[PDB]
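The chain contents come next:
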2 protein chains.
Amino acid sequence: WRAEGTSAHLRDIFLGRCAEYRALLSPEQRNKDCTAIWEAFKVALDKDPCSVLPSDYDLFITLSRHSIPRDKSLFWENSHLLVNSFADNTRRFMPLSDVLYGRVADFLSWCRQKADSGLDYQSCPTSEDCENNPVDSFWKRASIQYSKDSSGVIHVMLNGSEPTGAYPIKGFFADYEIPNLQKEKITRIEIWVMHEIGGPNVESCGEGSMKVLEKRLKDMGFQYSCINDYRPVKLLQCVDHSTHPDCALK
Amino acid sequence: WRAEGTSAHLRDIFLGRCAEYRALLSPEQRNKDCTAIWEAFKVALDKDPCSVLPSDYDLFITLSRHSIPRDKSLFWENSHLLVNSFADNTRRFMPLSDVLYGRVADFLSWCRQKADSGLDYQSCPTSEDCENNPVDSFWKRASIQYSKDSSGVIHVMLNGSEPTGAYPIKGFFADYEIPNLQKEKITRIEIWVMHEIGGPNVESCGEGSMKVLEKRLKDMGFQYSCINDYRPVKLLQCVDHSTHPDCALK
Ligand SMILES: O=P(O)(O)O[C@@H]1[C@H](O)[C@@H](COP(=O)(O)OP(=O)(O)OC[C@H]2O[C@@H](O)[C@H](O)[C@@H]2O)O[C@H]1n1cnc2c1ncn1ccnc21
Ligand SMILES: O=P(O)(O)O[C@@H]1[C@H](O)[C@@H](COP(=O)(O)OP(=O)(O)OC[C@H]2O[C@@H](O)[C@H](O)[C@@H]2O)O[C@H]1n1cnc2c1ncn1ccnc21
Ligand SMILES: *[C@@H]1O[C@H](CO)[C@@H](O[C@@H]2O[C@H](CO)[C@@H](O)[C@H](O)[C@H]2NC(C)=O)[C@H](O)[C@H]1NC(C)=O
Ligand SMILES: *[C@@H]1O[C@H](CO)[C@@H](O[C@@H]2O[C@H](CO)[C@@H](O)[C@H](O)[C@H]2NC(C)=O)[C@H](O)[C@H]1NC(C)=O
């Protein structure tokens, strides 16, 4: 397996994150059983590391699913850390990592040993090793759910400094979220194409892969919008480049 | 009593955070036993909620203590959330909440029931109910250690929009940290007086309580400097006031 093995102390981390997230939920939907959620989740830890399907996580989703506030969904690509810091633990936006079923697995890795009941802390399969590995099947299932439950203004943060372009035609956003957006309950889609401070401007709104994305969203009937270096996020990037000319204040 | 009852699912949260923090420690001191750390901490939970002393957490500290990088300490008052966001989980600085023993308790509450053996989720004592409550004694002990183990350039974030003054003459910083800073291994102390965006400038460097703090530190023989609205932090505050004139980019 050419990927990170199971995360040490997966269970404690999972339950801890789950318990802390409960506090963020509204009292009405605060009734969540972290233990049951973990049990449902571990069904994948009792299977062949190449025989886990997205549907295997259905129970896990049923037990953890909760509503996402209108206009708070934030999708992204090649911007993990920035998205998490900007979202600020649900305070500004609620990306998948800030939704219960996403929060418990953010950054973690897991898979059962090839031919032994115990978890494999040595390595886990990538899409290359095999399509149906625990981690990818999990995110496919969580992505679909996250997309289906989003409504209002859809925000998307992309990385215009990524060498392969801002929009990966083969990725979770393209293959599992866009096709699952409920057109009827979506007002518009606003894209933020961020560039590293002084970093390379590989692509901006309307260029390369951005034209492909825009065309698709438009052919799908969505009201489309694209902003280069959305200020609030630029200001956050600037925190680490205070003396740079792109970050100077008036 | 008068304070919040112990946090729901305290143990799970505690262990979860402990396990996640282990990953941030260098392989040299990563060998931490969260369960044992939890048991040492629990010693205070099996005592009268008004008879817990800072020394009751000596074992807890012994088992969770670790080094703090030179120049990375960050003290503060009236800016807990700003400090946590800026520190960015160990990336930029290492405040007490980003040190193992502080991390497991950041924002939590705890105390045993008055005459019962179980935890009291209804309420916990405050400084007014009785001085020796579990939470206050915990932070006194934790503050002392954090100070004793700090070195190099000392940073301090104060709130200059605080009505009663940026430097509370009575508080954890004045009463438990400053007295435990070890000059022999300290270069200088740098203060950052932050003001709310547009917010009121109650006090700035060299004003009111700031006069007191400066004189106290100088009388102790420390090199001292103060900065109003330290740029990096100002930029972070700006993320939520992007259109405000104080946050306009050049
Ligand atoms: O370690 P773990 O358990 O694997 O958790 C993963 C993993 O540790 C890390 C991957 O970073 P990467 O730069 O490859 O970033 P990606 O390309 O993988 O993320 C882009 C996708 O996330 C979305 O939110 C966007 O809209 C888009 O669909 O982000 C966590 N992660 C958070 N949300 C997702 C996620 N991994 C797959 N997802 C799929 C969906 N939502 C996710
Ligand atoms: O819920 P919990 O478990 O009680 O966790 C507490 C509590 O939930 C919250 C209190 O916010 P407050 O504005 O009153 O701020 P404070 O006056 O209480 O804290 C300011 C002090 O922290 C330092 O780091 C600064 O340099 C300064 O000495 O911050 C958490 N906290 C984190 N570090 C500390 C802490 N509480 C007391 N401390 C004392 C030391 N380090 C701490
Ligand atoms: C946006 O994409 C750029 C380029 O892929 C990322 O910056 C690179 O990050 C890697 C790993 O940290 C480094 O090895 C490269 O040297 C970086 N290149 C450049 C030009 O900076 C950047 O981290 C991405 N931004 C976000 C928020 O994920
Ligand atoms: C700095 O201190 C100010 C003043 O106490 C804090 O602002 C107050 O915050 C409370 C709670 O959110 C509000 O009800 C008040 O209206 C605020 N007053 C003002 C003048 O803004 C502020 O939160 C503190 N800053 C930080 C980072 O903690």
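Residues numbered from 1 in each chain as written, not as in the entry; some residues may be left out. Chains lettered and ligands numbered in written order. Heavy atoms only, no water.

A.B. asks: Where do I start with the UniProt feature "binding site: nicotinamide" in chain A in this structure?
C.D. replies: Residue and element names in this part refer to chain A. The sites that carry the UniProt feature "binding site: nicotinamide" are, in the present numbering, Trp76. When you line up the elements, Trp76 lands in strand 1 (residues 74-76). Residue class for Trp76 comes out partly exposed when judged on its relative accessible area of 27%. Sequence-distant contacts of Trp76, defined by excluding residues within four places in its chain, comprise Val83, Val156 and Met157. (UniProt positions renumbered as here; feature names shortened; annotations may be inferred. Helix = DSSP H or I, 4+ residues; strand = E, 2+ residues; numbered from the N terminus. Buried < 20%, exposed > 50% of the residue type's maximum accessible area, 1.4 Å probe, protein only. Contact = heavy atoms within 4.5 Å.)

A.B. asks: I tried to follow the pattern of salt bridges on my own but got confused; where do I start?
C.D. replies: Any two side chains of opposite charge can pair if their charged atoms end up close together. Under the defined criterion, the tally for this structure stands at 24 salt bridges over all chains. Notably, a salt bridge pairs B:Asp98 with B:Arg103, separated by 2.8 Å at the nearest N-O pair. B:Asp98 gets classed as buried once you look at its relative accessible area, which sits at 5%. For the salt bridge of B:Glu214 with B:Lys218, the shortest nitrogen-to-oxygen distance reads 3.1 Å. Here B:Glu214 and its partner B:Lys218 are both found in helix 8 (residues 209-219), four residues apart, which amounts to about one turn of the helix. For B:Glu214, a relative accessible area of 22% puts it in the partly exposed group. Residues participating in the shared-partner salt-bridge network are A:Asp88, A:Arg91, A:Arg92 and B:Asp240. (Salt bridge = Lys/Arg side-chain N within 4 Å of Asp/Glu carboxyl O.)

A.B. asks: Help me out: how do you make sense of the sheet that holds strand 6 (residues 224-228) of chain B in this one?
C.D. replies: What holds strands together in a sheet is hydrogen bonding between their backbones, with the strands either parallel or antiparallel. Residue and element names in this part refer to chain B. Here we have four strands laid out as an open sheet, ordered 2-4-5-6, and parallel in their pairing. The two strands at the open ends of the sheet, each matched to only one other strand, are strand 2 (74-76) and strand 6. For this sheet, the mean angle separating the axes of adjacent strands, direction not counted, is 25 degrees. In this sheet, strand 6 lies alongside strand 5 (residues 186-194) in parallel orientation, the contact comprising five bridges. Its bridge partner lying in strand 6, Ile189 is registered against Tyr224. Against the sheet, helix 4 (residues 80-87) makes contact with strand 2, strand 4 (152-159) and strand 5, and its axis sits at roughly 165 degrees relative to strand 2, the strand it touches most. Strands in contact with helix 8 are strand 4, strand 5 and strand 6; relative to strand 6, the strand with the most contacts, it is inclined by about 155 degrees. (Pairing = 2+ DSSP bridges. Axes fitted to C-alpha atoms, helices over the stretch in contact; angles between N-to-C directions.)

A.B. asks: Could you clarify how one ought to interpret the UniProt feature "binding site: NAD(+)" in chain A in this entry?
C.D. replies: Residue and element names in this part refer to chain A. Look at the UniProt record and you will see "binding site: NAD(+)" annotated at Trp76, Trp139 and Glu177. Spanning 102 residues, the named residues nonetheless gather at one spot, since no C-alpha pair among them exceeds 13.5 Å. Structurally, the position occupied by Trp139 is in helix 6 (residues 134-148). Excluding anything up to four places from it in sequence, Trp139 contacts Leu96, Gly102, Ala105, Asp106, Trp110 and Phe172.

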